[PDB]
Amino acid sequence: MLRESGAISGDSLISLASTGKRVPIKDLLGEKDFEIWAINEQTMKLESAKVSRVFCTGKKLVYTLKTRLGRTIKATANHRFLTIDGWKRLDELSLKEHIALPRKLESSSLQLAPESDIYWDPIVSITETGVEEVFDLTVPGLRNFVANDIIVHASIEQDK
């Protein structure tokens, strides 16, 4: 059994752990060996992880996902997000379902100061937007990264 890998809009802003800035994934095309923020599901802590490659799978239909806090991203229907019950494709998600947001951001204060590295935010809407070039990252090990301040699954590498 092979799962099908997802992709996100080129406008998605990727958080660079070392640089501390956010760059659209389209600008990282062809780049490698740079650091991103990813969640370790076991420890549930945010770690710095290296990207092995950035690639484009062409023009595909993307959907806009919005959360209660206003986090937004455009992704293919098969792209996976982190829920309480594990990774779920965009077309598997239900309204009011919680997805993982990083608490650590490129700011002085954490996400929810008033009250361990993840904030669970409900989905308010998923809407079909249109067709545009979509990209993904390969993150050996953790296999996820922060895009538009949302935890998103990285490329699904299929050795076999």
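From 1 onward, residues are counted along the sequence shown.
Unmodelled deposited residues between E115 and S116: 4 to 9, per the record. Note on 127-135 vs 43-51: mean CA B-factor is higher in 43-51. Higher mean CA temperature factor between 103-111 and 64-72: 103-111, per the PDB entry. If you compare the C-alpha temperature factors of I151, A17, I25, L142 in the entry, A17 comes out highest.
Ranked by C-alpha B-factor against the other modelled residues of its chain, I8 falls in the lowest third. The deposited CA B-factor of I36 belongs to the middle third of values across its chain.
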